[PDB]
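Letters go in sequence order (proteins before strands), and every chain restarts at 1.
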Amino acid sequence: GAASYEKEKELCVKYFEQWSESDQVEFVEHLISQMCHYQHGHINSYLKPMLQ
Amino acid sequence: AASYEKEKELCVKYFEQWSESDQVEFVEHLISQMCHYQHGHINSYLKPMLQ
């Protein structure tokens with residue numbers, strides 16, 4: 001249901017917003033573990049400016 | 001969990017069917033909503049995984 005992806009994404013964001021700071025972290029790291037090298041590159045390049 | 005574990009599992013399932021670029025846009029969104037401290041954990045997890 002690819003026309004439903006925006007709505008899926010909004011629900012997941014909603015669920016995520018109700019979790020504790022550490023479940024949130026555990027979740028993002030799990031997602032990261034399932035992604036490929038190129039995905040890892042574009043999140044790193046997004047995270048890096050934001051650490052300062 | 002268990003509420004988090006029920007919901008995390010649903011989220012993971014939705015995620016696995018998104019395109020590689022919707023996956024990235026999504027994670028990037030999650031991160032934009034996080035602590036400087038959460039960011040430090042993510043960075044620490046991600047940096048060894050690069051090389």
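For B:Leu10, the side chain to side chain contact (heavy atoms under 4.5 Å, CB included) partners at least two apart in sequence or on another chain are A:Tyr15.
Shown here for B:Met34 and A:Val25, the closest heavy-atom pair between the two residues is CE-N, 3.4 Å.
Within the structure, the side-chain hydrogen bond (donor to acceptor under 3.5 Å, both in side chains) test picks out the following pairs touching residues 25-52 of chain A (sequence neighbours left out): A:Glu26-B:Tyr4, A:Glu26-B:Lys8.
Side-chain contact between B:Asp22 and B:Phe15: absent, with no pair of heavy atoms (C-beta onward) separated by less than 4.5 Å.
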Legend entry - Step-by-step salt bridge (charged side-chain N to carboxylate O under 4.0 Å, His left out) determination, A:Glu10 to A:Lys14: CA-CA 6 Å; A:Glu10 293 172 28; A:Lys14 193 58 167 201; over 6 Å; no
Inset, instruction - Please assess A:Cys12 against B:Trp18 for the test side-chain contact (heavy atoms from CB on, under 4.5 Å), listing each intermediate value before the final yes or no. - result: CA-CA 12 Å; A:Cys12 301; B:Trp18 304 336; 4.0 Å; yes
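Atom CG of A:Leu47 is separated from atom CD1 of B:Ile42 by 7.5 Å, given to the nearest 0.5 angstrom.
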